[PDB]
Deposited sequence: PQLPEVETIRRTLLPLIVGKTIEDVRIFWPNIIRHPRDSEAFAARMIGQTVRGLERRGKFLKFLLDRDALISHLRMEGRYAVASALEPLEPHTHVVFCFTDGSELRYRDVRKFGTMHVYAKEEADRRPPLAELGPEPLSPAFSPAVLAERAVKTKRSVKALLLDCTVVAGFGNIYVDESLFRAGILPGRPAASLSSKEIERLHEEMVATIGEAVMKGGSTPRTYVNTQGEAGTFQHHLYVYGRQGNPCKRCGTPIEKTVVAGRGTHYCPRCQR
């Protein structure tokens, strides 16, 4: 799930778990648990705590309990469901939080790339994976000025810059490619090569693109198909180690 999907999850999941008390935590793939390193300590500390809130930072979910926060990332294919402890689990279920009311919060992930970290609430923001996370793309904290400052100080491509979690929180591949197209900027452009005008335009499109989604693709996954604006075949290459889609006419 990308940022907008994670926000939907945050909004929809909260009422399904708020006020419920954890009675057990069951772990079927320990590698998902990143802190405490010992999955048994992770499970033990959560028992007896009640879910009080659910927040989002980038693509991370932050479950707020009594004492602790659970920081969860779903990566490409992770998903949460709330269901009865009486029913068989769905395939690829790796972590289950059992509540005293007989319901469960279940984490599924066919790829097993997801991560979970638990810390005392007051420590979560200064520990991995939240430490160093950049500003929310939809917050005034993410400004053209902030973007420009990062762009000038690097030799990397503009795409690499936007994918950097320290630059902006949870701005995914699909939105990077779409935003760059809408801004008329080639993904392989050196970040430092962007004019003040281009930085302003890029910020504008980043906010518009992801903002619209949080509330029709031009290039992403459209290689070999005509550009919706000019008819030129969309091309796909590798930039910043990722599949990258662009129109060679609209973007410069």
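The deposited sequence has C-alpha coordinates everywhere except the stretch 216-236.
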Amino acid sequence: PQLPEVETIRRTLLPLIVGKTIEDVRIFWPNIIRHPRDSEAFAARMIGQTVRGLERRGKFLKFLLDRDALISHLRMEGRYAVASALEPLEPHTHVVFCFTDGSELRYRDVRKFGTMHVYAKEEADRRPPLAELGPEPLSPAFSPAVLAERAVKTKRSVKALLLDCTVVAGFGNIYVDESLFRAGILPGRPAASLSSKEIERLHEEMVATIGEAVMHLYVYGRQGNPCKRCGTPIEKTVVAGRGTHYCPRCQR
From here on, numbers count along this sequence of modelled residues.
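With 132-140 and 145-153 compared on mean CA B-factor from the PDB entry, the stretch scoring higher is 145-153. Looking at 192-200 and 45-53 together, the entry lists the larger mean B-factor for 192-200, computed on C-alpha atoms.
Take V158, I174, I71, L89 and read off each C-alpha B-factor from the entry; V158 has the highest. Per the PDB entry, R242 shows the highest C-alpha temperature factor of the residues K20, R10, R229, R242. Ranked by C-alpha B-factor against the other modelled residues of its chain, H216 falls in the highest third. Sort the chain's modelled residues by C-alpha temperature factor and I210 lands in the middle third, per the entry.
Compared with the other modelled residues of the chain, the Cα B-factor recorded for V96 ranks in the lowest third. In the PDB entry, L16 places in the middle third of its chain by CA B-factor. For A169, the recorded CA temperature factor ranks within the middle third of the chain's modelled residues.
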